[PDB]
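Next comes structure-v7.csv, a file with CSV, N, CA and C atoms.
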```
chain,number,residue,atom,x,y,z
F,1,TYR,N,137.5,107.7,105.9
F,1,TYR,CA,136.8,108.7,106.6
F,1,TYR,C,136.6,110.0,105.8
F,2,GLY,N,135.7,110.8,106.2
F,2,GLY,CA,135.3,112.1,105.5
F,2,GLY,C,136.3,113.2,105.7
F,3,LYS,N,135.8,114.4,105.2
F,3,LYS,CA,136.6,115.7,105.3
F,3,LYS,C,136.8,116.1,106.8
F,4,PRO,N,137.8,117.0,107.0
F,4,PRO,CA,137.9,117.6,108.4
F,4,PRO,C,136.6,118.4,108.7
F,5,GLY,N,136.2,118.4,109.9
F,5,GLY,CA,135.0,119.1,110.3
F,5,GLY,C,135.0,120.6,110.1
F,6,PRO,N,133.8,121.2,110.0
F,6,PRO,CA,133.8,122.7,109.8
F,6,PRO,C,134.5,123.4,111.0
F,7,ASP,N,135.0,124.7,110.7
F,7,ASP,CA,135.5,125.5,111.7
F,7,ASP,C,134.4,125.8,112.7
F,8,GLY,N,134.8,125.8,114.0
F,8,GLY,CA,133.8,126.0,115.1
F,8,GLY,C,133.1,127.4,115.0
F,9,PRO,N,131.9,127.4,115.7
F,9,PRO,CA,131.2,128.7,115.7
F,9,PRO,C,132.0,129.7,116.5
F,10,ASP,N,131.8,131.0,116.2
F,10,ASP,CA,132.5,132.1,117.0
F,10,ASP,C,132.0,132.0,118.4
F,11,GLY,N,132.9,132.4,119.4
F,11,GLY,CA,132.5,132.5,120.8
F,11,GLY,C,131.6,133.6,121.1
F,12,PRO,N,131.0,133.6,122.3
F,12,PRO,CA,130.1,134.7,122.7
F,12,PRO,C,130.8,136.0,122.9
F,13,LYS,N,130.0,137.1,122.9
F,13,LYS,CA,130.6,138.5,123.1
F,13,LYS,C,131.1,138.6,124.6
F,14,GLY,N,132.2,139.3,124.7
F,14,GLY,CA,132.8,139.5,126.0
F,14,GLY,C,131.9,140.2,127.0
F,15,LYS,N,132.3,140.3,128.3
F,15,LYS,CA,131.5,140.9,129.3
F,15,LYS,C,131.7,142.4,129.3
F,16,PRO,N,130.8,143.2,129.8
F,16,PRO,CA,131.1,144.7,129.9
F,16,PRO,C,132.3,145.0,130.7
F,17,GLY,N,133.0,146.1,130.4
F,17,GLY,CA,134.2,146.5,131.2
F,17,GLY,C,133.8,146.9,132.6
F,18,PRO,N,134.8,147.1,133.5
F,18,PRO,CA,134.4,147.6,134.8
F,18,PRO,C,134.0,149.1,134.8
F,19,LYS,N,133.2,149.5,135.7
F,19,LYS,CA,132.7,150.9,135.8
F,19,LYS,C,133.9,151.8,136.1
F,20,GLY,N,133.9,152.9,135.5
F,20,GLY,CA,135.0,153.9,135.6
F,20,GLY,C,135.2,154.4,137.0
F,21,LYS,N,136.5,154.9,137.3
F,21,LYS,CA,136.9,155.5,138.5
F,21,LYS,C,136.0,156.8,138.9
F,22,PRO,N,135.8,157.1,140.2
F,22,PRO,CA,135.1,158.3,140.5
F,22,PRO,C,135.8,159.6,140.0
F,23,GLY,N,135.1,160.6,139.7
F,23,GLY,CA,135.8,161.9,139.4
F,23,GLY,C,136.5,162.5,140.6
F,24,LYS,N,137.4,163.4,140.5
F,24,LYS,CA,138.1,164.0,141.6
F,24,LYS,C,137.2,164.9,142.4
F,25,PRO,N,137.3,165.0,143.8
F,25,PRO,CA,136.5,166.0,144.5
F,25,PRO,C,136.9,167.3,144.1
F,26,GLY,N,136.0,168.3,144.2
F,26,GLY,CA,136.3,169.7,144.0
F,26,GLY,C,137.2,170.2,145.1
F,27,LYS,N,138.0,171.2,144.8
F,27,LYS,CA,138.8,171.9,145.8
F,27,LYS,C,138.0,172.8,146.7
F,28,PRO,N,138.4,173.1,147.9
F,28,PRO,CA,137.6,174.0,148.7
F,28,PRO,C,137.5,175.4,148.0
F,29,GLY,N,136.5,176.1,148.3
F,29,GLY,CA,136.2,177.4,147.8
F,29,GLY,C,137.2,178.5,148.3
F,30,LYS,N,137.3,179.6,147.6
F,30,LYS,CA,138.2,180.7,148.0
F,30,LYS,C,137.7,181.4,149.2
F,31,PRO,N,138.5,181.8,150.2
F,31,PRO,CA,138.0,182.4,151.4
F,31,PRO,C,137.4,183.8,151.3
J,1,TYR,N,135.3,109.1,101.9
J,1,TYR,CA,134.3,108.1,102.2
J,1,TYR,C,134.1,108.0,103.7
J,2,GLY,N,132.8,108.1,104.1
J,2,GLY,CA,132.4,108.1,105.5
J,2,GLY,C,132.2,109.4,106.0
J,3,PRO,N,131.7,109.5,107.3
J,3,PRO,CA,131.3,110.8,107.9
J,3,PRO,C,132.4,111.8,107.9
J,4,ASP,N,132.0,113.1,107.7
J,4,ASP,CA,132.9,114.3,108.0
J,4,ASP,C,133.1,114.4,109.5
J,5,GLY,N,134.2,115.1,109.8
J,5,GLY,CA,134.5,115.4,111.2
J,5,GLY,C,133.5,116.3,111.9
J,6,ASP,N,133.5,116.2,113.2
J,6,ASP,CA,132.7,117.1,114.0
J,6,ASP,C,133.0,118.6,113.8
J,7,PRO,N,132.1,119.5,113.9
J,7,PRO,CA,132.5,120.9,113.9
J,7,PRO,C,133.5,121.2,115.1
J,8,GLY,N,134.3,122.2,114.9
J,8,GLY,CA,135.2,122.6,116.0
J,8,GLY,C,134.3,123.1,117.1
J,9,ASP,N,134.9,123.0,118.3
J,9,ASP,CA,134.2,123.5,119.5
J,9,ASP,C,133.9,125.1,119.3
J,10,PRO,N,132.9,125.6,120.0
J,10,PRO,CA,132.6,127.1,119.9
J,10,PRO,C,133.8,127.8,120.4
J,11,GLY,N,134.1,129.0,119.9
J,11,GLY,CA,135.2,129.8,120.3
J,11,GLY,C,135.1,130.3,121.7
J,12,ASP,N,136.2,130.9,122.2
J,12,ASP,CA,136.2,131.4,123.5
J,12,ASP,C,135.4,132.7,123.6
J,13,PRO,N,134.8,133.0,124.8
J,13,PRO,CA,134.1,134.3,124.9
J,13,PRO,C,135.1,135.5,124.7
J,14,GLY,N,134.7,136.6,124.1
J,14,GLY,CA,135.5,137.7,123.8
J,14,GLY,C,136.1,138.3,125.0
J,15,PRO,N,137.2,139.1,124.8
J,15,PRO,CA,137.8,139.8,126.0
J,15,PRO,C,136.8,140.8,126.7
J,16,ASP,N,137.0,141.0,128.0
J,16,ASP,CA,136.2,141.9,128.8
J,16,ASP,C,136.3,143.3,128.1
J,17,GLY,N,135.2,144.1,128.2
J,17,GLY,CA,135.2,145.4,127.6
J,17,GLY,C,136.2,146.4,128.2
J,18,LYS,N,136.5,147.5,127.6
J,18,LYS,CA,137.4,148.6,128.2
J,18,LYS,C,136.8,149.2,129.5
J,19,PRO,N,137.7,149.6,130.4
J,19,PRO,CA,137.1,150.3,131.6
J,19,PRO,C,136.2,151.5,131.2
J,20,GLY,N,135.2,151.7,132.0
J,20,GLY,CA,134.3,152.8,131.8
J,20,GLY,C,135.0,154.1,132.0
J,21,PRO,N,134.6,155.3,131.5
J,21,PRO,CA,135.3,156.5,131.7
J,21,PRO,C,135.2,157.0,133.1
J,22,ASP,N,136.1,157.8,133.6
J,22,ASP,CA,136.1,158.4,134.9
J,22,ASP,C,134.9,159.3,135.0
J,23,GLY,N,134.3,159.5,136.1
J,23,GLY,CA,133.2,160.5,136.3
J,23,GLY,C,133.7,161.9,136.2
J,24,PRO,N,132.8,162.9,136.0
J,24,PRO,CA,133.4,164.3,135.9
J,24,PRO,C,134.0,164.8,137.3
J,25,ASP,N,135.1,165.5,137.2
J,25,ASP,CA,135.6,166.1,138.5
J,25,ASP,C,134.6,167.0,139.0
J,26,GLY,N,134.5,167.0,140.4
J,26,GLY,CA,133.5,167.9,141.0
J,26,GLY,C,133.9,169.4,140.9
J,27,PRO,N,132.8,170.2,140.9
J,27,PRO,CA,133.2,171.7,140.8
J,27,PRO,C,133.9,172.1,142.1
J,28,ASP,N,134.7,173.2,142.0
J,28,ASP,CA,135.3,173.8,143.2
J,28,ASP,C,134.2,174.4,144.1
J,29,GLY,N,134.5,174.5,145.4
J,29,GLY,CA,133.6,175.1,146.3
J,29,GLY,C,133.3,176.5,146.1
J,30,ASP,N,132.1,176.9,146.6
J,30,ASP,CA,131.7,178.3,146.5
J,30,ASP,C,132.6,179.3,147.3
J,31,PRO,N,132.7,180.5,146.8
J,31,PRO,CA,133.5,181.5,147.5
J,31,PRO,C,132.9,181.8,148.9
J,32,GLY,N,133.8,182.1,149.9
J,32,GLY,CA,133.4,182.4,151.3
J,32,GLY,C,132.9,183.8,151.5
W,1,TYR,N,129.3,103.9,114.0
W,1,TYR,CA,129.2,105.0,113.1
W,1,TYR,C,130.6,105.3,112.6
W,2,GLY,N,131.0,104.5,111.5
W,2,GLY,CA,132.2,104.4,110.8
W,2,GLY,C,133.2,105.5,111.0
W,3,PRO,N,134.6,105.3,110.7
W,3,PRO,CA,135.5,106.4,111.0
W,3,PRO,C,135.1,107.8,110.4
W,4,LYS,N,135.1,108.7,111.3
W,4,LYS,CA,134.8,110.1,110.9
W,4,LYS,C,136.1,110.8,110.6
W,5,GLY,N,136.0,111.9,109.8
W,5,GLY,CA,137.2,112.7,109.6
W,5,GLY,C,137.6,113.5,110.8
W,6,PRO,N,138.8,114.2,110.8
W,6,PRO,CA,139.2,114.9,112.0
W,6,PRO,C,138.2,116.0,112.4
W,7,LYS,N,138.1,116.3,113.7
W,7,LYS,CA,137.2,117.4,114.2
W,7,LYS,C,137.8,118.7,113.7
W,8,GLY,N,136.9,119.6,113.4
W,8,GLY,CA,137.4,120.9,112.9
W,8,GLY,C,138.1,121.8,113.8
W,9,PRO,N,138.7,122.9,113.3
W,9,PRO,CA,139.4,123.9,114.3
W,9,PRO,C,138.4,124.6,115.2
W,10,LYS,N,138.9,124.9,116.4
W,10,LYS,CA,138.1,125.6,117.4
W,10,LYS,C,137.7,126.9,116.8
W,11,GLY,N,136.5,127.4,117.2
W,11,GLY,CA,136.0,128.7,116.7
W,11,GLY,C,136.9,129.9,117.1
W,12,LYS,N,136.7,131.0,116.4
W,12,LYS,CA,137.4,132.2,116.7
W,12,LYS,C,136.8,132.9,118.0
W,13,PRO,N,137.6,133.7,118.8
W,13,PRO,CA,137.0,134.3,120.0
W,13,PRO,C,135.8,135.2,119.6
W,14,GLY,N,134.9,135.4,120.6
W,14,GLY,CA,133.8,136.3,120.4
W,14,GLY,C,134.2,137.8,120.4
W,15,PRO,N,133.3,138.7,120.1
W,15,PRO,CA,133.7,140.1,120.1
W,15,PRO,C,134.1,140.7,121.5
W,16,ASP,N,134.8,141.8,121.5
W,16,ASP,CA,135.1,142.4,122.8
W,16,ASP,C,133.7,142.8,123.5
W,17,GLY,N,133.7,142.8,124.8
W,17,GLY,CA,132.6,143.3,125.6
W,17,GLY,C,132.4,144.8,125.4
W,18,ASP,N,131.3,145.4,125.9
W,18,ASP,CA,131.1,146.8,125.9
W,18,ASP,C,132.0,147.6,126.8
W,19,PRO,N,132.3,148.8,126.5
W,19,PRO,CA,133.1,149.6,127.6
W,19,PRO,C,132.2,149.7,128.8
W,20,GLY,N,132.8,149.8,130.0
W,20,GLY,CA,132.2,149.9,131.3
W,20,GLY,C,131.3,151.1,131.4
W,21,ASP,N,130.5,151.1,132.4
W,21,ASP,CA,129.6,152.3,132.7
W,21,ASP,C,130.4,153.5,133.2
W,22,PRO,N,130.0,154.7,133.0
W,22,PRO,CA,130.7,155.9,133.4
W,22,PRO,C,130.9,155.9,135.0
W,23,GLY,N,132.0,156.4,135.5
W,23,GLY,CA,132.3,156.5,136.9
W,23,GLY,C,131.4,157.6,137.6
W,24,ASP,N,131.4,157.5,138.9
W,24,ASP,CA,130.6,158.5,139.7
W,24,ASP,C,131.2,159.9,139.7
W,25,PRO,N,130.3,160.9,139.5
W,25,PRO,CA,130.8,162.3,139.6
W,25,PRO,C,131.6,162.6,140.9
W,26,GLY,N,132.6,163.3,140.9
W,26,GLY,CA,133.4,163.7,142.1
W,26,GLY,C,132.5,164.7,142.8
W,27,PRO,N,132.6,164.7,144.2
W,27,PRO,CA,131.7,165.7,144.9
W,27,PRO,C,132.2,167.1,144.7
W,28,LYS,N,131.3,168.1,145.0
W,28,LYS,CA,131.6,169.5,145.0
W,28,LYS,C,132.5,169.8,146.2
W,29,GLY,N,133.5,170.7,146.0
W,29,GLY,CA,134.4,171.1,147.1
W,29,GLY,C,133.7,171.8,148.2
W,30,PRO,N,134.2,171.8,149.5
W,30,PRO,CA,133.5,172.7,150.5
W,30,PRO,C,133.5,174.2,150.2
W,31,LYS,N,132.5,174.9,150.7
W,31,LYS,CA,132.5,176.3,150.6
W,31,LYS,C,133.7,177.0,151.3
W,32,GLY,N,134.2,178.1,150.8
W,32,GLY,CA,135.3,178.8,151.3
W,32,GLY,C,135.1,179.6,152.6
```
For the file at hand, write its structure as structure tokens.
Amino acid sequence: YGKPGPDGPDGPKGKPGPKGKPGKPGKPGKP
Amino acid sequence: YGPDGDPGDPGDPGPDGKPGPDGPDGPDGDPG
Amino acid sequence: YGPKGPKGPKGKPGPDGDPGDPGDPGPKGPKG
């Protein structure tokens, strides 16, 4: 039999990360 | 002598990306 | 198709995914 086969091709790029958390609400205005 | 082995299987997909950044905190309310 | 050599090693993992999209802006606070 021949030589061991070549190393496999790299895998595909990962999926995008999840969308970030919402920013905090602003505090009520001064009276 | 004879055929070489098959290529290895394709690699695994890469890890999921990092979480997106938080949105900006909202401005405080207008004065009363 | 005569004895083949051993199958190669599995490929390396792919690159990390992109960072996620930015989060939604927080709402403005109520007026005082």
Would you give me, as a tab-separated table, each residue of chain W having an atom within 5 Å of an atom of range 7-27 of chain J, along with its shortest atom pair and that distance in Å to one decimal, using only N, CA and C atoms and sorting by chain and residue number?
```
residue	atom	partner	partner_atom	distance
W:8	C	J:8	CA	3.7
W:9	C	J:8	CA	3.9
W:10	CA	J:9	N	4.2
W:11	C	J:11	CA	3.6
W:12	C	J:11	CA	4.2
W:13	CA	J:12	N	4.1
W:14	C	J:14	CA	3.6
W:15	C	J:14	CA	4.0
W:16	CA	J:15	N	4.4
W:17	C	J:17	CA	3.6
W:18	C	J:17	CA	4.0
W:19	CA	J:18	N	4.0
W:20	C	J:20	CA	3.5
W:21	C	J:20	CA	4.2
W:22	CA	J:21	N	4.4
W:23	C	J:23	CA	3.7
W:24	C	J:23	CA	4.0
W:25	CA	J:24	N	4.2
W:26	C	J:26	CA	3.8
W:27	C	J:26	CA	4.0
W:28	CA	J:27	N	4.3
W:29	N	J:27	C	4.2
```
One decimal place gives the CA of residue 28 in chain J-CA of residue 29 in chain F separation as 5.9 Å
Quick one: distance from CA of residue 7 in chain W to CA of residue 14 in chain F in Å, one decimal?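 Straight-line distance from CA of residue 7 in chain W to CA of residue 14 in chain F works out to 25.4 Å.
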Tell me which protein, DNA and RNA residues are within 8 Å of residue 4 in chain W, counting all atoms listed in the file, leaving out same-chain ones fewer than 4 positions away, and put them as an MDAnalysis selection string. (chainID F and resid 1:5) or (chainID J and resid 1:6)
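Pairwise distance (atom N of residue 19 in chain F, CA of residue 29 in chain J) equals 27.7 Å.
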